[PDB]
Structures are given as C-alpha cells and as structure tokens.
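S.K.: Here is the sequence, then the experimental structure:
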Amino acid sequence: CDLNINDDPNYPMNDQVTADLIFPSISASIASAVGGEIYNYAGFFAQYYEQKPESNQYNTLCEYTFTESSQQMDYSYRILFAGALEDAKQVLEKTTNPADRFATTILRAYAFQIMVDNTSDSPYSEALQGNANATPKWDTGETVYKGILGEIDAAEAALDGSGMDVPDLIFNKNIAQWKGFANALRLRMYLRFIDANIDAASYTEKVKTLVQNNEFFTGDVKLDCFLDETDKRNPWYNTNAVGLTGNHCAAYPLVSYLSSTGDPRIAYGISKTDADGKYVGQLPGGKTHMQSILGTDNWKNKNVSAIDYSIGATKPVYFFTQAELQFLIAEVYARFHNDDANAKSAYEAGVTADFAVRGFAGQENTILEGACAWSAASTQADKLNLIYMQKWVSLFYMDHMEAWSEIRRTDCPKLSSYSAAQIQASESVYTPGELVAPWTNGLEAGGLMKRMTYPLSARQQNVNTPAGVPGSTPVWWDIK
Amino acid sequence: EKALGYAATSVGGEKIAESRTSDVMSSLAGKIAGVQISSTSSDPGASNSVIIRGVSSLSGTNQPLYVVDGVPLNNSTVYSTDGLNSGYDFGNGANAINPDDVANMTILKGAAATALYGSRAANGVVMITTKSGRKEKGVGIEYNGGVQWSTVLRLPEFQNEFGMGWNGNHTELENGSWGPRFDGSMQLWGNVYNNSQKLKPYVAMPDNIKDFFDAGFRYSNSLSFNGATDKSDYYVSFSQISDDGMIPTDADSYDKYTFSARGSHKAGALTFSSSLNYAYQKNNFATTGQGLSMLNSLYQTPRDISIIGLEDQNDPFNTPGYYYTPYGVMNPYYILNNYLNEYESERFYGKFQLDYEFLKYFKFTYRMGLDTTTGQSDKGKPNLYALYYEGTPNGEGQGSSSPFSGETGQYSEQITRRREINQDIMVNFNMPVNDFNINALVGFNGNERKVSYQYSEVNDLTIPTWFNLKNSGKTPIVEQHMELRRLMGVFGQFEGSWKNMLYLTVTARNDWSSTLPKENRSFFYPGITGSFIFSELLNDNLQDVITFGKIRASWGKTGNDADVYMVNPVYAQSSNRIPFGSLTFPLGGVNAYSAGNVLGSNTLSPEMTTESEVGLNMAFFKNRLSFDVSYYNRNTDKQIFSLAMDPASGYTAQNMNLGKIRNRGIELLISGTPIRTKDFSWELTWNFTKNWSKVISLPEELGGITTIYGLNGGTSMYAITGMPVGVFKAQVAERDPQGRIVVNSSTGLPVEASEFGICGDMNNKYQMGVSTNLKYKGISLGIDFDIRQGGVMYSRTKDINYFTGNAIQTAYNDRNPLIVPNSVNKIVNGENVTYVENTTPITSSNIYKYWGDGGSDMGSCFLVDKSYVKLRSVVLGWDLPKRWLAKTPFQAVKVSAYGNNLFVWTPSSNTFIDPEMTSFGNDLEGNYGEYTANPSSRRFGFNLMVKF
Amino acid sequence: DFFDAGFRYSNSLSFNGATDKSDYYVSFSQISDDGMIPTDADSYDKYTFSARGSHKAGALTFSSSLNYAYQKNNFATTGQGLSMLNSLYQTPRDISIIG
Amino acid sequence: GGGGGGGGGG
Amino acid sequence: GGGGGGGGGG
Ligand SMILES: CCCCCCCCCC(=O)OCCCOC(=O)CCCCCCCCC
Ligand SMILES: [Ca+2]
Ligand SMILES: [Ca+2]
Ligand code: NA
C-alpha cells in the first residue's frame, strides 16, 4: 500500500515544463481578454455598436446601468493576472536569453497598460507574489506606467544580439518587430503623459526623439492563429456568435459619420437593414426609447443595421494597429513639430493602411480627395480633428479597447451637447460622428463611460482594493 | 447494541420497502431526526441527497458513509458539470441497493465514535444489513411485482389575461405574453409558410402547459430465493425496474437490474461467508438549461398558444424553420425526439468475510470489500444549421440571431471506471468478569480508491443527424483523467458494561492518508461515550410507569484528509475561459502549458471534527409513549479547501486549512399508541430537527468570503465567516435614508444599489415529520407528512415566467401605467444628495422590463422561500388472511397501494416550484437553486407480494 | 547473457462445506509473473475470486455461481521496427550486449 | 462567482 | 498479401 502517489498524474512533472512551453500562453491569454470581453464593452463605450432590438445580452452596458457587482471584466482580470502575468513571471524565472526576456517584458507591460486604462489603478509593485502576499496593494496608474516603461527600457538594454528560442505567434522570433512593438507602446504611453500634463516637457521631448527614428513595427501587431472550429476562434466572435446569438447592431455615431463621408468601409462588418437596404445606427442606450416612440413592429432588428459576424470567425486579435501607429505619428507631426507635409503623409498612410486591411485597397481616394481631404483642413485643430476621427474609424472591428482609450485622451470625437431624445426628434441638429451620451444613462453625473468597475474578485478577497467609484470618474490620464 | 452513547435510528426492511421506491433512502424522507433527505428531481434515475447534522464540508462531500455488510459502498454521483446549459443527473452510488434486500438499516448520526470506519464517518453512517437465509415454510421464494404512475405535481401559476406580444402590443412571433388583453378576436400568429399564415381566436388556453405532460409509468419485478440449515444460509435475489416518466416520449427513462447472491457456512470454530452483487442501469435524461432544452423551450410559450398542437411535424408550421417563434427556443417535441443524453452503468461489488473463534473469548475477522464500476455517457445534438438555416424564416431570415447559430451539431462519449478496495483485519475479545462485561477490539484498515475516465467529442456533424465520432470534418477533442488515493489505519474500541445498566465505550484510531503532505500524513483521533439505563434503579411501582429510561453522552474527534493532488504545483495545458466559450491550445500547431490557478501547499495539517452530544430516551406504559431527544455541538476544523484568492496574486485560489464550521442542533422523536386492542392499533409519531449552521472563520488573509456557487454578475451563494453556510447575495433596489426605493427620473424603473445585499441563507430553520400508522387485523394505513421551513433558494422557473409575462404576478395593476408605490428620485449634482417624490410612471411599453428584472426587489426577487409542507407518502396494505391460502401454493399474499410526493403546500410568496429541486447535484452546491429543473412529480402505485 | 531468469509466485485459497441440503464453495487465486526479458516489461498479474452455492428445499433447487477476474499484462512488443528483439538480433557477434 | 447566463429574446 | 515489410540497414 504505497502512500507516495500524490503527484498529479494528469499534469507533467514540473521539471519538464520549460520556458518555451509556457511563453506562448502569454499572448493568447492577453488576446483572449482584450480581443474578447474587454474589446466587447469598449465597442459600446466608443459607440461603434449597440444592443440589437430583439435580444438583451448587453442592455446594461449600453445604458451604463451596470455596477461593480455586475462583474463586467472579472473574467478578463482573472485571465490577464492569474494567466498571462503569472506565466510571464515564470518565463522570466526559467530562461536567461535576453531576447525572450525582452519579448515577455513587452507582453507583460502591455497587460498592465490595459488594466490601467480600465481602472486607472492596478496592483503592480506587489502583484504575483502568491501566498507571501495574497492582498496586493493597488498602485497608482503611473507608478506602473513609469514602472513598465522602465522595464521595457531595461530589458531592451540587455539585448546581446542572440536570437529568440521560444515559439512566437506574433512575430515569429523577429526581434526587429519586437523593437517596433516596444517603441510603439512607448509612443502611445508617452502621448498620454502629455495630454495628462505629467512631466509634459520630458515626454514631448521623447515623442520628438522616438518618431525621429521610424524604429516602429511593420504590418500589424496581432495574434492571427485562429481556426473556425471549437475553442479556436477569435474570442469576440466565439463569445458573441456561437455562445450567444447576435446582440450587436451598428451605432448611430459611426454609421452616420461613415455615410457622411461616403466611406466604403461602411460595408466592412456592417449590413444594410433587412427592411429598406440602408444604413441605420441606433442611438446609444436608445434600444427601449425607440420602440416606445416608433412602436414594437417598427423597431425590430430589420429596422437597424446588424453587425456582420461572418468576417470574424478566424479574424486576428490586434494589439497595435498599423493604421493607428501612423495616426499617432501624424498627430505628433502636426502638434510637436510643425511639419505639415510630413503629417499629411502619415495621415494618408493611416487611411491607406486601413483601407487595405478591410479589402478596399485602391479606394482610399474616396476619403483622401473628398470630405476628409487634408486640403480642406483649415485650422491646426481641423487637421487633428481629421487625424483623430479617422483614427476612431480605423480601430472599429480591430482594437476597440484602444479606440475607447484614445477617445478619452484626445476627447475627440466629442460629446454632442445634444441629448439622444433631441437627435431623435430632428436629425439635422446632429453633427455626424460625434458621440451621444446614452439615452437611458445610469451614471448619476451623466456623460460618457470613463472607467470600468473594479473586479469583484478583487473587491471580495483583496482588502486593499480602492473603493468603488461611479463610471463617470476619469482614469488618471483623462483630464478633460 | 443500544448500549450506544449517541443518537441512532433503526428502520426495518418492511418499512424501507413498503413505499416501493426504486431507491432505499427516498422513502425515509422526512422521517428521521437529523437526517435530511431530498431527491434532486423527479426525473427517473436522479440522485438523492442525505445530509446528517448539516453541511460540514464546504468542498462538496457531505453524504454519510454507506456500509453494507459492513463493507463501505461506493456513493459516487454522476451529474452535469454545467447545470446552466446542460443540466442532468444520472444517479447516486447508493441508488443501486435493492430495497427488497434490506433487513435493517441503522443511521449512526454521531461523529464522536467513528474508529470502526475512519474519516468518512464524520458525515454519518448508514449501516445496512441484508436479509440472510432463514428456514420457513415452504420453498423460500418471495416475489414482488409493482406498477406505478407519475403525474405533474405543481406547475407555476400563470396569468391568463394577456396573450402573445411585447411592450403591451400584439406580435405574431413572441416567446412571451406581454400582448393585449384577450379579445376573442381573430389574430394571425406564427411564421408564414407558402404565403399562408395560421389564424385563430385570441383567447387564453390555461391548460396548454399542463396538457403537454403525459402520465409517467413504471413497472417492477423482484424475486428472491432463501434457505438455511443449522450450519449455513443462502440468499439470492433479482430486481428489475423500468420507468418512462411524465415528459412526452422515451426521453425520461431509467432501467435498473440487480442480482445478488449472499451466503455463509459455519464449520467448527471457522465461519466463511461471501456477498456478490451486480447492478446495471440505463438512464435517459431530458436535459435542462438556458439554451434549447425542453423545459426552457416549454415555459417560453405565449399563454394563447396550444402546445400540444405543435407535436405533429407533418404540419409545416411546427417544423424547426417555421416554428412560431425564433427567440432562443425550439419546438419541445423536436428537442425530445432528436437530442440524445444517455447513460449506462455496469457495477460489481462484493465482500468476503472469514470469522475464526479461538480460546473461549477471542474472535478473528478478516473482511475484504471490492466495488468496481464502468459507466458510459453518450450525448448528441443535431446540426441545426445544416438542416434548417437556409431559406427559412427562423432561419436565414434571422441572420446572426437565429437559434441555429452556431448550432452545428455535437456528439461526445465518455467511459468512466471506478474501483474501491477495502480491507479489515480485526481481533475481538469478550469476557464477562463478575457483573462487569468487557469487549475489546483492535483492527487494521486499508483502503484504495481509483477513478479514471476518457472522453472524446466531435463538433460540426457532416451528416447532421448521425451521432458518431466519424461524422465530423473538424478536429476532435479528447480528455483523459485519473486519480488514485490510499489509506491505512489502526484502531481500537473498548466497551465496558456493569449490570446491564452502565455502558462505557472508548475508541482510538490513527490513520495515514496518501493525500496529505509527506511529512504530515498521520492523524489520530479518540472518542468516549457513556450510557446509563437509570430505569434499572427505580421504585418497584415507579418503574411500572417507566418502561425504559436511558441517558447518554459522547465527546470525541474524527480526523480527515484532503482530496487528491492538492499539495504540489501543477502546469496545465494552457486554456483561457472567456464568456460563453474558450480559447485553448494547441494554436496553431503549437502546444503550451500554463501555471495552474490553484496554488498548492505543503503546510496543510489534517482535518479534525470535534463533537459533544447528550441525549435522553424514555418509554412509558408498555412502550405506549416514547421519546428520544439529543443535543449536539459539532466543530469541523481545518478542513482542506481551495479558498478563493485575488487573481492579482497570480492564483485564483490557495489550498489551506479553514477554521471551524459548526452545526449545533436538537433532534426530537416522540411516539405513542393511543389505541392498542388486539385487532386494532393506532400509532402517532412526531420527529423534530433544528440545526444552526455557522461558519466561524475563513482565513482572513484571503478575505473572509469565498464563492460556493454563483452566476457572474448575478445571484451568488457564499460562505462568509460570521454566517451560516450558504449566504446568498443578490441585487437590491437602492433606498434613501428613510426606506423608499429610489427610481430613475425618466424610465420609472428601480435603480440598483451599489452593493448586493444579503438575502437569506440555504438552511431550513427547522424540519419536522408527523406520521400515523393504523393497523386493523391485517389492513395497514400509513400517512406521513414532511415539513421543512425557512431559508431561501434561487429559482430560474420564477425568473423565466417573470421575464415571459406568464407568471400571475406580472398581471399586477392590470398592466396599466404605474408609479412604483413610495418611490423617490435621487437628485445629486456633484456632492449634494437630495430626494424628491417620484412623478415618472413606468409605461405600458416598459412594464415587461420592470417584471423581467424582478419588480422592486430586482434580482433578489428570484430567491424563493424554500419552505414546504408535503404529504410525503401514504401506503394502504392488506395481508390476505392465511386461511384463504390453504388450497394455494402461497404462504402469504399482500397487496399494497401507495402514493408518494402526493401534495405540496408552500407559502404564498412561492407559486412556482416544488422547492425540492436542483440542477447542481445532491450536495452543497445543490442548495444554490434550480435552473429550470424539470417539474417535480406525483407518484402512486400498486404492489403485489407473494411468498412461496 | 542478455536474458534474465523469469520468476513467478502464485497463491490459491479455497473454502468449502456442505450439508445434506446445501453446498458452498469460495475460492481466491493470485498469480504474479515477471518473465525472462530484462525489466518488468514481461508482466502478468492474475487475480480471481469466485463463490458458488446451492440449496435444495423440497422439489426446488436454486444455485448460483458468481466469479470476478482481474488481469494486468505488460508486453515487450515484437516486430520489425524499434522493437526489443529485432534490436537484439541485429547485433554483431563481437558486441557484448550486457555492456 | 463563475458561471454565466444569457438574456432572452423579445 | 497485404501488410508491408522493410529491408534492414547495412
Ligand atoms: C487472511 C488474509 C489477510 C490479507 C490481508 C491483506 C492486507 C494488505 C492490504 C493492504 O496493505 O492495503 C489495502 C489497500 C488496497 O488493498 C489492495 O489493493 C489489495 C492488495 C491484494 C490483497 C489480496 C488479499 C487476498 C485475501 C484472500
Ligand atoms: Ca415519457
Ligand atoms: Ca522480466
Ligand atoms: Na495560471
């Protein structure tokens, strides 16, 4: 009767699990979150889509009637922390290769960035210490923003030239593209130090002398490795097109802006109405108000533009859109140099890059020579309105979590100072493409969502979790 | 026996069997103090919960150890891992015992003297003893042959005032009844097929859901063969049960077969004996859940639709592409005729026991027990997309919102294998010395348990209806699992006895388990009990009134180990659980392992339960009045558990020893015989139970709260350090400092409070049974009531009928616009908080949402009161007079009529379910609630007995 | 010299008795084989248990026999690939195999 | 707590 | 027949 049989036979011996067996989990973990349920609720906050009339999965997100106990990101918080960040901790204990350590430190620093953009605040200094501290302190967002850029710097300065020896499904061991992914996150985290006016001299200094370099990535920074079978698809399509039925219809701010500009990206992810064959977005949080004004039979799903799921089954999860990357440059060219001609061809390259990804290559002329021509852009702020509002389009169906983030920092697109009910009662008032505060709005202060709730799993077991606050209160870098 | 020092009940086979349940425990429901017995559902084959003195294990293992002769008997349970989308329960280890083979059962309720069975006895013991060979007249053949019927016990109470529609307006395709008040006018309904539409008068049909159900039916046959001599005995039995339940078709099916052969032979000082049993079952379950399951699909019918008018699939409007509604539900007849959820089990268990008496006082006993099972699950669903999507309204016409997305078919199969060995080597010594009596018993126990399974699944069926692993063009999924646990122990039990008046018992035991850390495997636990038959020293007359008077007291401990593999770290094949799906490796061609999310420990110490108990037992006048009372105070301490941890620590849970979970209680039995002539007798029985659950501490380092079962962003049931186990938290309406419900200024609907509130616990406040047995000559009449009151339980059945507009509650205010009575508006700019009388109504248009969310209670409304009074069983039995059995081969004949689960009466707040339901199994997490579990049933049957 | 001596222990136990109306037989057998091929890869473990009985009462006799058998085999796989014996036969006559 | 449910259709 | 068969190495 041997009693020494308590090593679990269902899992490998801990020696045999090496750094190359753990590392691919880090990106897939991060992707399953930020390309899944985070990406999801960010698409509502950025106002790309809206709850379908005849179903009800996401009423609470459209109308901002959710609270901390709704657990609107408790899955993703478990995934990014107990999944990606712990595995990244283990890779960093199991390999000495500076290249692999660089590539994990970026992936790790990306996760903290995403959690900070959600709760402005994240455990960091003391996270991932297990039973030596079950109750991590929650760092202010910029001890960790300055922390993880301090990491990416240090792991970059450790590169000795040797290659990567762990399976890399983002870049395929191409350390050149990790160079550009790290600088690209430097570009986006530097800009927010600026537009939050924290050491705004030093970080404009650095955004000048990192666009200096063009030492960025090529292509898109993604995880494209999905098959349309089971447990292998895009997380967002998986959740919303096999686990649920269709709950997403196109929202009024996006659909009108793209009709306004005669955009042909209008059709990529968005269907004509099943009733009249036109493009109709639903005003934010206006699901229930529209069937009250129009009637039940007259605001079904056939009267609003559905979100086409068919292009998403295998579709990649993006962490950094190329079209976004050059939109960020185009804004530092127009603001911190003043190099109009250079800005113009960063902008034009963000649009051309997007047009190609949606299968409309060769038709960027329809935006680059028309309403959104850089010719008609009078003011400096008129150009940036063009930069930002074509950024906002570029991230639709690509990276919703950033699209909402950058909406808060530049605060363009802006809150149409008109209520949903007015815009309903006469459309001519609404400037196409600016945001409508939800018709039904559960935020006592009114306005647009600025901050996800804190994880209830953190609320319950971690006493040092900041006290819940309404969605109305900005993340540290949103100052306007 | 009955020199015992703690609470114990004994039931005879005749009582066990008289109810004619297929199961051995369910006829005892509500009939024994401290022994809570529920059935998970009236679905044929389902499991049974038996819980002694409340929940002590938070990790879901609270059933008593079953011990058949006395070899511990496997009690595993087979039930759905996912109660929310595919709930089903295929049975419980003990459901295998043939009721007709039971001679006596004796429930040990105390956890203070368990050295004879070790740890698993802290939850109680059900000691069963089987019939042996007996010399009787004439041949030794007993035949039992029964027939039984099922009928629905209680359907939710429906409004019949508003028909098909939404927002208050008529539609032609709703899954609900928020339409207008019935006209008797003619109004189209259903999808349109061949440019034709159905058209019928717009009026209620209040029996549409009731007509849906058939009458359950079940037949049974058991035979036994019996004989003995002065040296040996032999018993062989066979039982058989076939049930097809209340639900239309074969979908609700249970078939049981047992065969047993027990025997002994004595020769000189040595006796050898053996018991070998085979058990076969075949279950079919009509799965529950929130998807396309029968019942969910069935309750989402408008009150004006004729549900039985949907069975004929030769009417095209009932085929899946034209079924009258598209909203996440299907024709219930299609589901039950075309889905597959089936289980088969073969099982062998047996004992070998050898006794050797030597040197006047000693006895050597070797006992070996084996219990091995192989069970096989097979589940299929059709590829609805390939069959029905193109060209149909439901259909291509609904796009991404069709019920057929992405219902592309699925089939899986699992074979599981269990095997338990138990070995007992004991020597017993018994000598009277003067008036004293001494009995000592030292023994060795060894035990080994093993389960394994292998699982395979294919999705996207090429041929849309054939359920085979060949029928997919996509990747298969394969899973495999094994666990192995071992334990040896030494024990000793000294019982002393003076003049048949004082009894004293001392037990000691020390175990070594394989599931504890290597440097801390051994745990020790003693006990002590005392009995004092103080009747034996009363007056000569005063002891003519008191037939019997015993007082008893026990103090003792019971150690316990952990579940398998909770010490070392683990790396899992990396997988990410996202809402309503996964993203798992391999991708794409690469495999990956991830640090597992439950941090393990080598710090763990053994579990230890300490219990004190006093009891009193007295009988009066011929045993014409009798009572037993007991008081217990039990503390399960340091139980090993995966305690929720903040994932930012890098793990979602850590394995540690908890604090104390205490259950204190009163157990009261009271019987009396008002009338006992020689031809007539009337007996009355009243048993009463009150348990007080309190978690005393969960390690505060990790908070003092861990979820037991919960919905993400919804009602969850916890264990919290100051409270009983099973505290629910649910959303409640915000209220201002004077108690009025704050309401949105524009909608009229309640506003959520910032936190969930506490809203009750799972525990009954008390439980009691009242029963009476009439005997006149050879007629008997038994009647037993079961009373459980207190505590709360989640019920999707109420949740869906509120959301549907079918519940009677939703016809409130005759669905005219309304202001929530005593509502206010919160008026707050920045920092100044003020409340104003609410003026906003809730529109006709929005009344559906008000009720869909739960009225002013919000989601806490779907915690229902778990209380009921139930006519548990009635049995009318007639032994035929032996004089009419003389020209017959028959030695005896008894015909019997019985009814079970006959009526249920519940508080007014609950017009929806029989509270005796679940979708999460027969243990702790079962108490969370039912998730549109199938409606419980009313049973009634005959039985014919014949002795030869 | 590559081969070992196989070794095998066995243990059988039976119990019987009768009366003039009944009989009872119960038996146990165990067999543990580890064959001549080096290591535990030749392995056969057999366990059987059986219990049979009869009882006559008048003109009626009922008897039953119920038997359980357990077995664990380990085979040293044969054939043309990287099998043991194929690997063993393809050895030069000067090569020491036990080295 | 873990598990997740969907709303209905209407 | 059926079933292949490989030459050896040398
Ligand atoms: C008078 C006979 C007393 C025999 C007493 C044997 C005692 C050892 C049990 C033991 O150490 O641990 C039991 C754990 C599981 O046992 C097995 O897996 C079974 C192993 C094989 C046991 C075979 C027993 C054959 C008995 C006829
Ligand atoms: Ca049936
Ligand atoms: Ca060998
Ligand atoms: Na993990």
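M.R.: Thanks, I have the structure now. Numbering: from 1, shown residues only, chains lettered A, B, ... in the order given. Ligands and ions are numbered 1, 2, ... in the order given.
S.K.: list the contacts for the residue of chain D found nearest chain C?
M.R.: At 39.4 Å from chain C, residue D:2 is the closest residue in chain D, using Cβ to the nearest Cβ. Using the backbone N, CA and C atoms, a C-beta is placed for each residue, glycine as well. For residue D:2, the contact set (Cβ atoms under 8 Å, 6 or more residues apart in numbering or on different chains) comprises B:707, B:710, B:712.
S.K.: Go through those residues and single out the one with the most neighbours.
M.R.: residue B:710 (21 neighbours; other Cβ atoms under 10 Å in any protein chain shown).
S.K.: and that residue, bridged to which residues?
M.R.: residue B:716 (DSSP bridges).
S.K.: What distance do you get for it to residue B:731?
M.R.: Distance, residue B:710 to residue B:731, by Cβ to Cβ, to the nearest Å: 13 Å.
S.K.: And for residue B:805?
M.R.: Residue B:805 is 21 Å from residue B:731, by Cβ to Cβ.
S.K.: Residue B:819 - nearest residue in space that isn't next to it in sequence?
M.R.: residue B:841 (5.2 Å; Cβ to Cβ, 6 or more residues apart in numbering or on different chains).
S.K.: pretty sure that neighbour contacts residue B:747?
M.R.: No. Under the criterion of Cβ atoms under 8 Å, residue B:841 is not in contact with residue B:747, lying 9.5 Å apart.
S.K.: between these two, which one's more packed in?
M.R.: Neighbours per residue, other Cβ under 10 Å: of residue B:841 and residue B:747, the larger number sits with residue B:747, 21 against 15.
S.K.: mind listing the helices in chain D by residue range?
M.R.: Applying DSSP state H to chain D gives no helices.
S.K.: And the residue of it closest to ligand 3?
M.R.: residue D:2 (49.6 Å; Cβ to the ion).
S.K.: Around ligand 4, which positions in the stretch 451-600 of chain B sit nearby?
M.R.: B:595, B:597 (Cβ under 5 Å from the ion).
S.K.: Quick check: residues of the stretch 451-600 of chain B near chain D?
M.R.: Listed as neighbours of chain D in the stretch 451-600 of chain B under the rule Cβ under 8 Å from any Cβ of the partner chain: B:579-580.
S.K.: Can you redo the contacts of residue D:2 as CSV, where the extra columns are distance to residue A:194?
M.R.: Shown next, in CSV, are those (distance: Cβ to Cβ, whole Å):
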residue, distance to residue A:194
B:707, 43
B:710, 43
B:712, 38
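S.K.: From those, pick the one nearest residue A:424.
M.R.: residue B:712 (33.4 Å; Cβ to Cβ).
S.K.: Taking chain A, what residue is nearest to chain B?
M.R.: Residue nearest to chain B within chain A: residue A:243 (2.6 Å; Cβ to the nearest Cβ).
S.K.: how far out from the middle of the chain is the helix ranked longest in chain B?
M.R.: Looking across chain B with DSSP H, the single longest helix is helix B:796-804. Distance of helix B:796-804 from its chain centroid, counting by Cα atoms, centre = their mean, to the nearest Å, is 23 Å.
S.K.: For stretch B:781-798, buried residues please.
M.R.: For stretch B:781-798, the neighbour count (16 or more other Cβ atoms under 10 Å in any protein chain shown) marks B:782-788, B:790-798 as buried.
S.K.: Among those, list the two that are farthest apart in space.
M.R.: Once Cβ to Cβ is applied, the buried residues of stretch B:781-798 give B:782 and B:796 as the farthest pair, at 35.4 Å.
S.K.: Give the residue farthest from the middle of chain D.
M.R.: residue D:10 (14.6 Å; Cα atoms, centre = their mean).
S.K.: Does that residue touch residue B:166 like I think?
M.R.: Yes. Counting by Cβ under 8 Å, residue D:10 does reach residue B:166; the two are 4.9 Å apart.
S.K.: Residues in contact with both of these two, list them for me.
M.R.: In contact with both residue D:10 and residue B:166: B:174, B:176, B:178, B:848, using Cβ under 8 Å, 6+ apart.
S.K.: do you know how far residue B:494 is from residue A:413?
M.R.: Applying Cβ to Cβ, the value for residue B:494 to residue A:413 is 84 Å.
S.K.: I'm done for today, thanks for sticking with me.
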